[PDB]
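If you read the protein sequences in the order shown, they are chains A, B, C, D, E, F, G, H and I. Note that the UniProt record's numbering has the first sequence beginning at 7, numbered continuously upward. Note that the UniProt record's numbering has the second sequence beginning at 7, numbered continuously upward. Note that the UniProt record's numbering has the third sequence beginning at 7, numbered continuously upward. Note that the UniProt record's numbering has the fourth sequence beginning at 7, numbered continuously upward. Note that the UniProt record's numbering has the fifth sequence beginning at 7, numbered continuously upward. Note that the UniProt record's numbering has the sixth sequence beginning at 7, numbered continuously upward. Note that the UniProt record's numbering has the seventh sequence beginning at 7, numbered continuously upward. Note that the UniProt record's numbering has the eighth sequence beginning at 9, numbered continuously upward. Note that the UniProt record's numbering has the ninth sequence beginning at 9, numbered continuously upward. Working notes, structure below.
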Amino acid sequence: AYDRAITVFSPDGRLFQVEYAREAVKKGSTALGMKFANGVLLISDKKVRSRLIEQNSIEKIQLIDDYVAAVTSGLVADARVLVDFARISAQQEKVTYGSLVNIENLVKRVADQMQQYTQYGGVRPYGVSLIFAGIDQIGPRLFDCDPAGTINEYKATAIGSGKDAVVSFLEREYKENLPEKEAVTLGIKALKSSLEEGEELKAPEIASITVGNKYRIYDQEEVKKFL
Amino acid sequence: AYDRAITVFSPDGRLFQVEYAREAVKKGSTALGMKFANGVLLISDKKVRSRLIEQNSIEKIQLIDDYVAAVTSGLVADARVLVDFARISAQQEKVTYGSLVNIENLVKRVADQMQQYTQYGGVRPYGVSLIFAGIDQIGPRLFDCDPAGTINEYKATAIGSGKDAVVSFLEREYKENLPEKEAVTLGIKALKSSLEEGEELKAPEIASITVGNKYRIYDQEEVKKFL
Amino acid sequence: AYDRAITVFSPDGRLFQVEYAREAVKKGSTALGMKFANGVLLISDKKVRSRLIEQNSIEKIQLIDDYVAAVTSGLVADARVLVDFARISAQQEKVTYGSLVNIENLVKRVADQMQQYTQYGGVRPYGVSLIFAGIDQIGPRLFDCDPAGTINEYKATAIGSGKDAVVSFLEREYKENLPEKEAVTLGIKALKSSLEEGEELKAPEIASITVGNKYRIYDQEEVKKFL
Amino acid sequence: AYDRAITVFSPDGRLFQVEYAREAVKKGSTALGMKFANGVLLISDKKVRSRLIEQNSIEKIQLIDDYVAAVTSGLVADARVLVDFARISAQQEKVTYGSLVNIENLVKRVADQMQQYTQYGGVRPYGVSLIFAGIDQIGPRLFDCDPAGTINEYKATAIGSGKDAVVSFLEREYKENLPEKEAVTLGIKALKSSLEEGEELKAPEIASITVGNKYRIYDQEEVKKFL
Amino acid sequence: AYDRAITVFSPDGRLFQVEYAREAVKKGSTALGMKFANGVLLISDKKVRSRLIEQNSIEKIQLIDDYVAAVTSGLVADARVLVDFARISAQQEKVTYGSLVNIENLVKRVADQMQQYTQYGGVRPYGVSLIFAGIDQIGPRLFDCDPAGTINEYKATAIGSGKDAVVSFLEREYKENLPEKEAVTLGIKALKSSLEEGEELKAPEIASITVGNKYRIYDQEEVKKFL
Amino acid sequence: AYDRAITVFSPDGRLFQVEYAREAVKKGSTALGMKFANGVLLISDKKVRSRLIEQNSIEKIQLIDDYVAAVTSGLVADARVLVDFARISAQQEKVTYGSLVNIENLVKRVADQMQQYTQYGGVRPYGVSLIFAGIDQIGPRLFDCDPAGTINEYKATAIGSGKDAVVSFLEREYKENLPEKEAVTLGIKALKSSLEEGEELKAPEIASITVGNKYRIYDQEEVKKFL
Amino acid sequence: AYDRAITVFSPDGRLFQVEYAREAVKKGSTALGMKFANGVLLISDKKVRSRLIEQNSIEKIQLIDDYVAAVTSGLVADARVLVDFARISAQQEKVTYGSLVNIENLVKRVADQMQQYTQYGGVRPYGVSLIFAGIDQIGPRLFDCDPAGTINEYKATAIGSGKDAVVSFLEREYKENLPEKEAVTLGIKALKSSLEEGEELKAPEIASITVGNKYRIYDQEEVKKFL
Amino acid sequence: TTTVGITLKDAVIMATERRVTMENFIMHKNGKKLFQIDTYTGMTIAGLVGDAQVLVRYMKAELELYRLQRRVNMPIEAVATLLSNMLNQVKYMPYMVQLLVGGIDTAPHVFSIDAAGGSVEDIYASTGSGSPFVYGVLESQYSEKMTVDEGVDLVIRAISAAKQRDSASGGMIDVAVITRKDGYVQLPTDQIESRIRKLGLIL
Amino acid sequence: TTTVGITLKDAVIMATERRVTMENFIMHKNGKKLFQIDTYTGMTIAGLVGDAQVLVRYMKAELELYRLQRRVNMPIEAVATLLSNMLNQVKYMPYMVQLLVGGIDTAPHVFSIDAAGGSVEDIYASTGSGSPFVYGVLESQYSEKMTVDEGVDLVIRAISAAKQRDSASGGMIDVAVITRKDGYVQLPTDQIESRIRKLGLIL
């Protein structure tokens with residue numbers, strides 16, 4: 007009888023509404039990313055669909071900036087929306103300082119936005135989870151923004167119905183500084199081991215960046231390699 | 007007990023209200039469209055009504071711009087309303103850039119609008135679904151905007167009580183680059199196979215556009231052909 | 007348990023509140039109109055009342071402009087109100103363009119107004135239905151605006167507890183371009199056949215307009231003719 | 007379960023709240039008025055009370071302007087309030103046009119005001135009913151404004167717990183153009199026949215106006231005549 | 007189930023909330039006043055309390071202006087508040103016209119204020135009742151403003167748990183133009199007869215004014231006289 | 007079922023919410039003060055706590071101004087808050103008039119503030135009670151402001167779980183103009199007699215002021231005297 | 007049935023919502039701090055997690071300013087948010103006065119902020135608790151700000167599921183002016199004794215400051231010492 | 009635009025002229041300058057047309073409101089004070105006007121209010137381009153004693169000499185008289201001419 | 009931009025010219041200056057084009073609204089008062105216009121309203137750069153008695169002499185006539201020329 011408004015704490019002191027949205031995110035297909043030797047990468051599962059759908063518009067991975075990009079998981083509506091804010095915020099950040107200096111305040115802007123919606127009635131939080139990754143004055147970057155505005159910088163993490171199983175893996179197999187291609191497969195394995203018996207990990211999209219270079223999206227054939 | 011407000015997530019993490027409007031759309035008569043060799047087309051079922059109704063004002067297909075047009079499916083009220091925003095947004099876009107460059111941000115404007123209404127209390131989302139199609143700096147375009155603000159670019163898709171059955175078809179019969187007239191009938195067949203036994207597909211409206219040309223509405227006799 | 011707020015969709019995807027107002031309209035006395043050879047006409051039933059009531063203020067028919075006029079059906083309060091907006095909107099339209107060019111955007115302004123009230127909480131839609139008719143740069147015009155903002159241009163239609171029965175008729179008897187007097191009676195018959203056994207169609211008001219001429223209200227004696 | 011908010015229609019399409027206020031008015035003491043040969047009059051029942059009450063402040067009849075006046079029936083609070091708006095609106099009207107030209111838009115202003123309060127939540131309609139009467143560029147005037155904003159011009163009408171019975175009378179006895187004194191008594195009779203057996207119509211206040219003359223309030227002795 | 011919001015009429019057409027505040031007033035100690043030969047007076051019961059309370063701040067009687075003053079009865083909080091508005095309004099009135107001309111619009115300002123709070127949700131009316139009395143361009147004045155904004159000018163009236171019994175008296179004993187001292191005692195008697203058997207009317211405060219003179223508060227000894 | 011909103015009167019005409027906050031105040035530790043021969047004093051019980059708490063920040067007594075100070079009792083949060091307003095209001099008062107002339111309008115500002123919150127929905131009143139005391143153009147001052155905005159000037163009073171018992175005392179023992187030290191102990195006794203058997207009145211803080219002098223806080227040793 | 011809104015007092019006079027958030031804080035891992043001989047320190051437990059998490063972003067301790075820093079405990083979302091306000095408020099304070107003069111009004115700004123959210127509906131308080139510590143014009147400082155806006159300056163205190171047990175200790179072992187290293191361990195012991203049998207106090211972060219010096223974060227090896 | 013307002017025993021007179029100028033040009037040889045603003049009150053505009061009229065209306069309306077609900081005229085002073093306030097509340101975006109408020113409440117009053125809002129009561133007051141003349145005649149012909157009719161003549165003798173030097177004033181000479189008994193009462197045109205012809209003037 | 013409006017017995021005439029200037033330059037030798045603003049009302053713009061037109065529309069619309077819902081034309085004075093108010097409500101951000109409101113309600117009226125909002129009723133009124141001339145002719149040729157046709161001639165004789173000195177007025181001479189019987193009725197071009205040729209003018 008508490009889980010009805012975004013602004014009511016339970017007797018334990020919980021905000022069931024906010025939680026429920028962390029639940030909507032858990033209904034979205036898995037996706038992880040990890041930094042390595044000069045740069046980071048991102049992997050996203052995608053259970054191929056209607057061949058009538060222009061592949062250009064079904065990539066859980068998006069280029070916010072040339073040197074930064076992210077991936078979402080949850081309500082598709084809220085997905086697009088947040089994505090834009092990122093892209094948009096990116097710019098403002100880029101114009102008041104001459105360049106997207108710290109990828110952090112890009113994620114801040116997004117976190118602060120998402121957070122708000124979890125404190126006022128008349129609104130409902132975003133049922134999305136975003137993983138940002140890129141290169142800034144500092145170097146490889148990886149953050150994961152949840153529905154409640156919570157942000158944490160990783161070396162490797164994931165979102166989606168898999169997350170747990172994918173982190174369970176990395177959390178006992180991941181070894182930093184791997185040479186792109188090696189880190190790529192490790193994650194591929196990690197990702198693999200999150201599916202359910204019988205399922206065959208289809209072709210997942212992947213993108214990377216490396217100190218001094220712009221991102222790049224592995225094309226379905228350079229990807230068909232680690233299969 | 008959750009399906010009462012547009013801003014309350016269920017324990018699974020669902021927004022039953024938003025869904026219920028995707029349900030209002032499902033009560034509207036079928037309509038699809040697909041791009042082909044230089045251009046796209048649109049087909050809309052219409053169960054002929056009172057001969058006292060000026061046919062000019064019962065066309066689920068509308069010319070937003072000369073080079074772009076769309077079709078709706080759902081609450082008639084919300085139908086008209088959205089249509090205008092499209093037309094209107096079209097212009098603004100057209101005036102700040104000198105021409106409707108990317109048909110995309112026309113659909114963005116509309117998607118962003120519809121999305122909003124699915125996050126604030128005191129409001130209710132549009133029970134409409136729009137399929138946009140036309141020609142831009144890029145070429146043939148086809149998007150389908152749902153009640154929640156979700157947009158996807160297709161090569162062929164549909165909305166309405168049929169959708170599923172019409173996509174079930176195309177999703178296993180559609181073959182790109184068909185010469186207008188050929189693509190026209192394929193869709194006609196697809197459309198046909200969505201009705202219920204006994205029903206006779208009456209005269210459905212159809213319009214098209216082709217790289218370098220303005221749209222055109224097939225007149226009831228040029229249509230009476232593919233019958 | 008859904009039919010309580012103007013902003014809540016039912017599990018089928020219906021807006022019971024909005025419907026309920028289409029129900030308030032159905033409690034208002036019948037009234038139709040149809041265009042013919044150069045011009046349109048309007049007929050409204052009126053079950054004569056207290057002779058203490060100045061007949062000037064009980065005419066469901068109103069002259070919005072000299073060349074346009076309308077009729078309502080439903081909550082009397084909302085009736086007057088909307089009427090004004092029409093009259094008022096008329097003007098603005100008339101002053102920004104030098105003349106009421108398209109009778110359409112007069113009906114748009116009214117439709118858009120009425121529509122709004124069916125999407126925000128804290129408000130309630132108008133329980134009125136308006137039938138507009140007149141002459142514009144194009145010619146004879148007839149539109150019917152419902153509580154939800156829905157507008158359609160006809161050649162003949164009606165509103166009120168009769169509507170169905172009156173349209174049931176016209177929808178199988180009406181034949182365009184009739185010479186005023188002929189169209190007048192046809193509608194008179196149609197109207198008649200909407201009453202209940204025993205009832206005697208009393209004197210109903212009627213008005214018309216014809217390409218190049220201002221409207222005119224048939225006086226109770228020129229009307230007493232088609233009895 | 008519908009009769010709780012001013013903005014919720016019932017399944018029949020009724021606004022029970024608004025009605026309930028037409029019910030508050032029905033708890034106020036009867037009062038009618040009728041125009042005649044050059045001018046109109048007003049009669050109001052008043053069941054004499056505490057002699058400690060300065061008679062100046064218990065007259066259901068009020069002089070809005072010298073040439074116009076009205077009478078209310080219902081919640082005393084809302085009574086005074088509305089009265090002022092009339093008086094006030096009167097002025098504005100009088101100053102933008104140099105004189106209270108049409109007594110109508112005085113009643114419009116009041117009707118439009120009262121109407122509003124029957125369409126927004128957070129508010130409640132006025133439980134009052136006003137009968138206006140006076141002389142304008144046109145001549146004798148009589149309007150009756152109900153809680154919902156509904157206005158109608160009469161030749162004779164009434165408000166209050168009596169209304170029906172008083173109109174029942176006039177509606178079968180009233181004959182226009184009577185010479186003041188004659189119309190005065192007819193109404194007196196009409197008013198009389200609305201009471202309940204045993205009750206003795208005490209001294210009711212009465213006022214009139216006649217083309218070219220200011221109003222005038224019959225003093226308790228000139229009234230004690232028609233007893 | 008209606009008596010919950012200030013804006014909901016009951017099926018009889020009552021506003022139970024507003025009433026309930028007329029009930030809060032009925033919990034306040036009695037107090038009356040009456041005009042006489044050139045001027046008016048005011049009497050207020052006060053069941054003497056803690057001798058630790060500076061008598062200066064427990065006088066239900068307050069000097070709004072030198073020539074006007076009032077008395078309240080109900081929620082003490084709302085008591086002070088309103089009092090100020092009176093005092094404050096007094097001034098504005100006094101400054102835009104050079105002098106508090108009609109004591110009436112002082113009471114109007116207060117009535118209009120109090121009325122408002124009985125028509126909008128989100129607010130609650132004042133649980134206070136004020137009796138104003140003084141001298142203006144016209145002469146002796148006495149008004150009684152209730153929670154709903156209702157104002158009436160008297161020759162003698164009262165507020166408080168007594169009112170009825172105190173008016174029951176005056177309403178059959180009061181005789182105008184009495185010489186101050188005489189009117190003083192009559193009210194004293196009237197007041198007395200409102201208590202309950204056993205109770206001994208303690209020392210009640212009293213103040214008066216007389217054409218051309220400022221008010222004056224009878225001191226506890228000049229009062230101890232009429233005991 | 008009434009005690010739920012700050013704006014709903016009960017059938018008796020009570021505002022249970024507002025009362026409930028006068029209840030929150032009753033959960034705060036006792037504290038009184040009384041004026042005497044040229045000045046006033048204040049005494050506050052404090053059940054000594056953690057020696058880890060800087061005594062500077064646990065004094066229910068606060069210096070609003072050099073010549074004025076107050077003490078609270080209730081919700082600690084609301085406590086601090088109100089305190090500031092006093093301090094703040096003090097200043098504004100002090101700057102528009104050149105000096106804190108009447109300590110009264112300092113208490114007014116605070117009373118008016120606290121009052122408001124007991125009349126609008128969407129808010130909740132302060133669960134605090136403040137006792138102000140000091141020296142102004144007039145001399146010794148003592149006021150006690152309750153949650154509802156009610157203010158009264160005393161010669162001696164108190165707030166807290168004790169109040170009643172402490173006033174019960176003073177109300178039959180207090181004798182004005184006592185020489186500071188004497189008044190000090192009297193209150194000490196009064197305060198004492200409010201505890202419960204077994205309890206030993208620990209060291210309570212005390213401060214005073216005297217015509218022409220700034221306040222002064224008795225230090226724990228000058229206090230340990232009256233023990 | 008009261009514990010549902012932030013603005014409703016219970017019959018005892020409690021604000022269960024606000025409490026419930028003091029409950030959310032109690033779900034956060036323990037953390038204390040204490041001033042000593044010229045300066046203060048802070049200790050925070052942290053149950054080491056995924057090695058995939060950049061340690062830089064999991065420090066419950068934050069440098070608001072060079073000379074001031076704080077620690078939180080509760081909802082992680084609200085955690086970050088408040089932290090910023092501190093940092094932000096810090097600056098404004100620092101810029102209007104040329105330097106962060108009193109660390110107090112930094113905590114005020116934060117307390118006042120947090121307080122607000124516990125008095126208006128439509129909002130929900132922060133489920134966080136902050137412990138500030140640093141050096142100002144006065145010297146060592148330590149305050150602890152709770153969800154309701156309550157602030158108190160200590161010599162030693164704590165927040166988190168431990169608090170009680172950690173204060174139970176200090177409240178009977180802490181002895182001021184200890185030489186950094188000594189105070190460090192005392193707290194370490196205190197902290198230790200708050201865990202549950204079996205648990206092994208892992209490596210907790212610690213930072214300090216000393217009159218005339220900027221803060222400093224003990225690195226995991228200088229900390230591994232007091233183990 | 010010459011106007012004036014003199015007091016007396018239980019009476020007040022207010023007489024204007026009615027010409028609207030625009031330099032060496034005369035738009036109308038007959039406009040309105042004297043209006044009754046309430047049962048026992050009058051007013052004389054003078055200066056900028058627009059503003060003036062708008063004021064009259066803003067006024068007539070307000071006095072009437074009060075009167076209608078309060079059942080008693082408004083004190084001649086409170087009327088001038090009200091006008092005072094309205095004029096000052098926007099003294100920086102003023103009214104190119106200059107009015108006179110005359111009437112009887114308990115006593116015969118006459119107020120001169122300027123574009124600032126400062127209203128001062130006096131014995132007589134002449135507002136207008138030809139007032140220096142009216143102030144010339146009056147400072148050598150007015151007397152507190154004067155009869156109700158000697159007044160109506162004096163006022164005329166003034167605006168009639170004023171019309172002889174002030175290129176801006178002309179036309180007829182509207183006059184009115186407030187008596188506690190007869191209230192505001194404007195004189196008939198013919199009656200005014202009677203007065204003229206006898207003295208020895210033309211126009 | 010010469011225009012005029014004369015009253016008579018149960019009739020009102022309003023005649024303009026139609027030239028739009030810009031110094032020693034003439035943009036159009038034929039524009040509109042005389043419009044019917046209501047069943048029994050007319051209006052003559054004069055001065056700044058834009059403003060003027062916007063007003064006409066702002067007007068025609070409002071008169072019509074009233075008329076449509078109230079079923080009775082609006083008093084010629086209330087029309088001038090309405091215009092009055094509108095013009096003054098923004099007298100500091102005025103309309104470089106100067107209009108005339110003529111028509112018949114119960115009697116034949118004619119109002120001259122300025123950029124201030126001051127509207128004054130008169131016998132005749134000439135707005136425009138060539139009005140000093142029309143005011144010259146009229147002060148030596150107008151007579152209250154005049155026939156419905158003698159009027160239509162007088163008006164012309166004026167704007168025709170005006171066109172002889174005012175470098176700003178020219179073109180045809182639009183004239184109209186409001187009769188309680190025939191309401192607003194503009195005369196045919198040919199009919200106007202008839203009048204001209206007879207007098208002895210050219211253009």
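Using N, Cα and C, we set each Cβ at its ideal position, and we do this for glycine too.
For residue i, the residue or residues it bridges with in DSSP
i	result
G/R222	G/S214
A/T163	A/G39
Exposure label - residue i; buried when at least 16 CB within 10 Å
i	result
H/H117	buried
Distance between residue j and residue i (C-alpha atoms, nearest Å)
i	j	result
H/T24	H/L211	15 Å
A/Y8	A/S16	6 Å
F/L69	F/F138	10 Å
D/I12	D/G133	13 Å
8 Å Cβ cutoff, residue i in contact with chain I
i	result
C/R93	yes
C/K100	yes
C/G155	no
Short CB-CB distance (under 8 Å) between residue i and chain G
i	result
residue 234 of chain A	Residue coverage of chain A in this structure runs from 7 to 233, which leaves residue 234 of chain A outside it and unanswerable.
*With a floor of 3 residues, list each beta strand (DSSP E) that falls wholly inside the stretch 100-159 of chain C, ordered by position along the chain.*
Listed in chain order, the complete beta strand (DSSP E) runs (minimum 3 residues) inside the stretch 100-159 of chain C are 136-141, 146-151 and 157-159.
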